Structures are given as C-alpha cells and as structure tokens.
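Architecture and fold: a report
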Amino acid sequence: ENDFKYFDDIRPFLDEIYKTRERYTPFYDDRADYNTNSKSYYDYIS
Amino acid sequence: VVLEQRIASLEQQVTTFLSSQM
Amino acid sequence: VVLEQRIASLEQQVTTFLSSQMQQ
Amino acid sequence: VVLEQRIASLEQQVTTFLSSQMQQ
Amino acid sequence: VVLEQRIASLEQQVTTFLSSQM
Amino acid sequence: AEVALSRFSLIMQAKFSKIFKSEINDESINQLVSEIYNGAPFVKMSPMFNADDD
Amino acid sequence: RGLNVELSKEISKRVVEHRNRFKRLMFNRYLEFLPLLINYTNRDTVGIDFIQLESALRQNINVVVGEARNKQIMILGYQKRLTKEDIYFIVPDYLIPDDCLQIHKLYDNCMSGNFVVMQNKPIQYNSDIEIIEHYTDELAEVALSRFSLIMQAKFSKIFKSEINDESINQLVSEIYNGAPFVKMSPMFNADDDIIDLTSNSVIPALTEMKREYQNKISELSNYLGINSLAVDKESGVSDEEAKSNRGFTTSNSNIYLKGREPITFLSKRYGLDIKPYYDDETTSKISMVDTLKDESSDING
C-alpha cells in the first residue's frame, strides 16, 4: 500500500535545516562579542 | 671597437649573401 | 691582435657550420 | 693574453654542447 | 686561472672519452 | 639588596588596565570588542552617560 | 546583481584591513630582505652565487662549499665525529668531485680537500622567523593606532541655528567667499553659537605614537643585527640618544658573522681572501665622497 508517510512529512522540515544550515554568511553578521560564562571550580565540585 | 666594427661588416656581408647568389 | 682572435673565432664557427652541413 | 680568453670561451662552448648529449 | 682552464679541458676530454671508444 | 627590592617591587606593580564600568551582563562587552581593541574610531553609544567618565 | 552595503562604519572594517595587511606586508618583507646582509667581499674569485647561498642559509640548511672543478660550486650538507666522504645530498649535476672529499676545519689548518659546512648561526636555539613574528603583531597594532588616529583627525566648523534658510546665506556669502565684516542680527547669532569640533586631544597624541612606532622598528632591528652602528660611532651620538644599548646591537650583529666563519677556513685552503663583512653601503654619493682619481668622474658624470 501507499501508507507510512511518517518518513515523508519529515521531508519539508529536513530539507529546511539543510537549506538554512550552511547558506548563512550573506544573510547574517559576525559582530557584537557575545560573552560566554562556563562553569568555574564551584560547579566542578558540584 | 674596431673588432666590433669588423664583426658587424662580416654579419652584413653574410646577410647580403643569404639573399642573392651573385 | 684582437682582430686575429676574431679571425680565429670566425673560422672555427665556419668549420662548425660546415660540420653541421656535411655529416662528417 | 687575447688567446687566454678565446681559449676559455671555446672550452665552455665545448662543455655546454657535450652536456647536451652526455650521459651525465 | 690558466691551471683551472687546463683542468677543465682535461675533464672535458675525459668525458668525451667516456662516451665513445674512438 | 633592599634597593634592588624596591626597584623590582616598583616595576612589578607598574602595569596598567583600562577599567570598564557598567551593569554587567552584555551591555559594554560588545562595545570594547568591536570598537576598541579592533581599533575602530567613531563608536556610537546611548545617551545614558555611558562614557561620561564611566 | 547583489548589493546592499553595510553603513559608513565600513571604515571600521577598512581600519582592521589596514592593520591586517600591514602585519602581512611587514612580516614577509622583513624576511624578504633578511637573507642578504653579509655578501662577504663579493665574488673576488669564487664561483658562488652568494644570494642563493644566503637564501639557503636562512632556512637553516647547512650548505657545503668545496671544489667541483677547482672553482667552488655550492653543495648541500645534511664531541666531534669527523665527516669525510660525499655521503651528503649533492645538488649539482655532473660537477661532483667523485674523489676524496673532506671537511677542512680541524684535520689541519689549510691542507685537507675542501668541503666545508657553513652554519647560519653557530649555536642554534630559536629560529628568528619566530622573533619576526614576535614583533610584527605588536608593530601591527601600533600601526593600527596611528592609522586610527589620523583617520579621525579631521575637523568641521559646526553652524547651529533653527534650520530653514537663516544661516546658510551667511556662510555662503560671508565665510567661504572669505568676506570680512559680516553683519548679523542681535539675536545671539554668533554668541558662541557657531562652534568648532576640534581634535586637539588627538594631535599631541600623534607624534609620540610615531616615536613608539619608530623605536619599535629599531628594537626589532638591533635584534636581528641590522644596525646603524658604525655611522653612529663616527657621529658621536653613541648612547641614550639612539636608545639602543650599543653593546647589545654589536653583539647580535656578530653572531651571524661568526656563523659564516667556515668561509675563512675555505679561504685559507686555496690561497685567497674571503672575509665575512657586514654590508651597510648605499651608493652614488658614498662612492663619490670616498674617492672625490679622475676616472671616477667619467664613470658617473
């Protein structure tokens, strides 16, 4: 039969991230210096 | 300079020969 | 002198060209 | 004196023609 | 310089010999 | 020996920082990154006294 | 087509391009020059292309000069265990000695058959392609600061008035046309109403920054031996004016010379004079003041 389209409704949302995944650099920018705060020693002994 | 002049004359003579059998 | 060296240089070149024409 | 120069010029002429067909 | 020139001639002669028996 | 002490102690504390002063989380960091150490002149800021000897 | 430009803080990308291009340019220029400083009594009698030697020496490969047919062609040469034979890699084609080679250093003074190896530096600790990377970034950001300083050192005279056609006719017919004696209304209309934006917090800053660029060039320079030293001896400006500490710049110049000392070992063998001198000459006026022999007039003019 032509059943089990659960492998198939993923398709318009699996090409989508492949489209917007690697074609970014004409559309966005690389600025603004986001800070990253990552886990000092107190979280290590946590 | 004289030697150079002689060489030039020899070259011109050769060129002249290379154009006519006479 | 130097003209004699030039005359020696030209006959050597003519002999080299004659050996270039005839096989020996 | 003049010969010393022409003799040097012709030896380089022989050496740069021997290497065109050399085993070297 | 003359000695060097003589040496060069000897070397070239040897090279020539090393290619033909004649 | 103790005058060599005083010279070494004097040049060990002769080092200099430029203190930025702002309420913390991501207001002034983007400022210094894209406009001070990258050398940029003409940085634009808010009127909220944000370099009035801040 | 595709186009949508950023802003006119494009300059804040042009500024960082000037810094980046300056570091790349100054780095590879400085090693573009550095393999020619010595040149050592240039081709007295010896068949060496010394430019090709010095370029080989600054990639630290130990070249070996010997005899080929009695005329000193270069070859490559990669407690004391002596080297004798032609085991090493040989760059020329048929000019190989095919006979007893040796190193001519300590077997005797001036006797053994010649193949002497020349080090770049006698004892090797760090490559100077790292020191040239060490200062060129520091130099790069001071060139950044100079360029950023003179790019914002530009000045306008701001007129300040309620807008539409009161003060425009003023500046047109009476400032840029140069006119003195402009008459105005009593409504405070120049009582510090026109103002100047100046950057006199920038131009005293400008000269000191150029001196920092300058002495940082000199502090890279005396490291790698390239020095203004001998003329500084005869000019009497010896210390604390040229802030260089002369005993350190005559120190780092000397290590490269005694690295190329085995060319003297070779020079003692075949009976000739080769001294590794240190080039500092630039001509047509120095060659004129050192001779003032009238044949040197017909040479130049």
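Basis of the calculations
Residues numbered from 1 in each chain as written, not as in the entry; some residues may be left out. Chains lettered and ligands numbered in written order. Part of a larger assembly, values for the part shown. Heavy atoms only, no water. Residues with missing side-chain atoms left out of burial classes, pairs and counts. Helix = DSSP H or I, 4+ residues; strand = E, 2+ residues; numbered from the N terminus. Rg over C-alpha atoms; globule rule 2.2 N^0.38 Å. Contact = heavy atoms within 4.5 Å. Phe/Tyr/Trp six-rings, centres within 6.5 Å; stacked < 30°, edge-to-face > 60°. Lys NZ or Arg CZ within 6 Å of the ring centre and 35° of its normal. Pairing = 2+ DSSP bridges. Nonpolar A, V, L, I, M, F, W, Y, C, P; charged D, E, K, R; others polar. Axes fitted to C-alpha atoms, helices over the stretch in contact; angles between N-to-C directions. Salt bridge = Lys/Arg side-chain N within 4 Å of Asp/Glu carboxyl O. Parallel < 35°, antiparallel > 145°, perpendicular 65-115°, else oblique. Left-handed = near helix turned anticlockwise from the far one by under 90°.

Looking at the PDB entry, chain G carries the name Portal protein, with the source organism given as Staphylococcus phage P68.

The name recorded for chain F in the PDB entry is Portal protein, from Staphylococcus phage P68.

Broken down by element type, chain G carries 11 helices and five strands. Taken over the C-alpha trace, chain G has a radius of gyration of 31 Å; the compact-globule value for 301 residues is 19 Å, which it surpasses by more than 25%. For chain G, the C-alpha atoms occupy an extent of roughly 105 × 60 × 40 Å along the three principal directions.

For the rest of this paragraph, the subject is the overall build of chain F. Counting secondary structure elements, chain F contains two helices and zero strands. Computed over C-alpha atoms, the radius of gyration of chain F comes to 18 Å, more than 25% over the 10 Å expected from 2.2 N^0.38 for 54 residues, which places it beyond the range of a compact globule. For chain F, the C-alpha atoms occupy an extent of roughly 55 × 20 × 20 Å along the three principal directions.

Turning our attention to the arrangement of the chains. The pair of protein chains exhibiting the most contacts, out of six pairs of chains in contact, is chains F and G. Taking C-alpha atoms as the reference, chain C and chain G come no closer than 25 Å and do not contact one another.

Quick look at the packing of aromatic side chains now. The geometry of two aromatic rings is summed up by the distance between their centres and the angle between their planes. Taking the centre distance of 6.2 Å and the plane angle of 55° together, the rings of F22 of chain G and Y213 of chain G count as tilted. Its guanidinium or amino end placed over the ring of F27 of chain G, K23 of chain G lies 5.6 Å from that ring's centre, counting from NZ or CZ.

This brings us to unusual backbone geometry. Residue and element names in this part refer to chain F. Even without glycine at this site, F42 takes up a positive phi of about 60°. Locating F42 in the fold gives a position in the segment after helix 2 (29-37). Phi at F49 takes a positive value of approximately 55°, unusual for a residue other than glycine.

On to the pairing of strand 1 (residues 63-66) of chain G, then. All names here are of chain G. Both strand 1 and strand 2 (residues 74-76) contribute to a ladder of three bridges, which runs antiparallel. What sits directly across from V64, in strand 2, is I75. Direction of pairing for strand 1 relative to strand 3 (residues 115-118): antiparallel, over a ladder of four bridges. What sits directly across from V65, in strand 3, is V116.

Every contact between the two is made by 10 residues of chain G and, on the other side, eight residues of chain F. Element by element, the count of residues in the side of chain G that touches chain F is highest for helix 1 (residues 11-33) of chain G, at five residues. Its residues assigned to classes, the side of chain G that touches chain F shows five nonpolar, three polar and two charged.

The next thing to look at is the sheet that holds strand 2 of chain G. All names here are of chain G. Spatially, three strands are ordered 2-1-3 in an open sheet, and the strand pairing comes out antiparallel. With partners counted over all chains shown, the strands left at the sheet margins are strand 2 and strand 3, one partner each. Between one strand axis and the next, the sheet turns by 35° as a mean value, whatever way the strands run. In the packing of helix 2 (residues 50-57) onto the sheet, contacts are made with strand 1, strand 2 and strand 3, and the angle to strand 1 comes to roughly 145°. This element, helix 9 (residues 262-269), spans strand 1 and strand 3 of the sheet and lies at about 160° to strand 3.

Right, let's get into the pattern of salt bridges. For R29 of chain G, the salt bridge is made with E32 of chain G, and the minimal N-O distance between the two is 3.7 Å. Linking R29 of chain G with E32 of chain G, this pair stays in helix 1, spanning three residues, or about one helical turn. A cluster of three or more residues bridged by salt bridges with shared partners is formed by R21, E22 and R23 of chain A.

Take the packing of helix 3 (residues 128-151) of chain G against helix 5 (residues 203-221) of chain G next. All names here are of chain G. As a packed pair, helix 3 and helix 5 sit with axes 10 Å apart at the nearest point and diverge in direction by 165°. The orientation of helix 3 relative to helix 5 falls into the category roughly antiparallel. Judged by the twist between their axes, the crossing of helix 3 over helix 5 is left-handed. Contacts between helix 3 and helix 5 involve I131, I132, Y135, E138, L139, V142, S145, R146, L149 and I150 from the first element and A205, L206, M209, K210, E212, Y213, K216, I217, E219 and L220 from the second.

Attention now moves to the packing of helix 1 of chain G against helix 3 of chain G. Residue and element names in this part refer to chain G. Where helix 1 meets helix 3, the axes come as close as 8 Å, and the angle between the chain directions of the two elements is 145°. Regarding helix 1 and helix 3, the two cross each other, and that crossing is right-handed. Side by side, helix 1 and helix 3 meet where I11, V15, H18, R19, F22, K23, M26, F27 and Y30 of the first sit next to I129, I132, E133, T136, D137, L139, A140, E141, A143, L144, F147 and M151 of the second.

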